[PDB]
């Protein structure tokens, strides 16, 4: 009766809620603040979480990511190029992920969470064993990628709490 993805979906909701509770305590200047070379800003963490859900789920869904298809890239207007492949940001590139208003982060994350939950609700259980990248040992399956996407979001929501503490002392 219950979907095999329902608990993962409820777990993603906790990540979503945590990012929003953290952001609510900050000004946009604070949210944009990266406290150290290896400690990302809350703005970077929320953008990255929304971006990674978007890109990964859109790739499993063979659809263009919302970043492009809903034109979030124009709202963000990042001083970073949109490129074929995603890459690991240098500290100096990460400092360029800043926003004019907090609402944008909330809106793009809400859109990416919605997309993720829609995919989770529609994936058939037989599809979870599908190999999506054979060039790893062991191969990457749909299931591995889905678990990675939920893990990433939740773990980043924890990091956002720490950055908040470092930036605003509470």
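Positions refer to the first chain, counted from 1.
The PDB entry reports B-factors from which the mean C-alpha value can be compared for 129-137 and 108-116; the larger average falls on 129-137. Averaged over Cα atoms, the B-factor as recorded in the entry is higher for 83-91 than for the other of 83-91 and 69-77. Split the chain's modelled residues into thirds by C-alpha temperature factor. Residue 124 is in the highest one. Annotation for residue 167: C-alpha temperature factor in the middle third relative to the rest of the modelled chain, per the entry.
Ranked by C-alpha B-factor against the other modelled residues of its chain, residue 40 falls in the lowest third.
Compared with the other modelled residues of the chain, the Cα B-factor recorded for residue 50 ranks in the lowest third. Residue 26: CA B factor in the middle third of modelled residues in this chain (values from the PDB entry).
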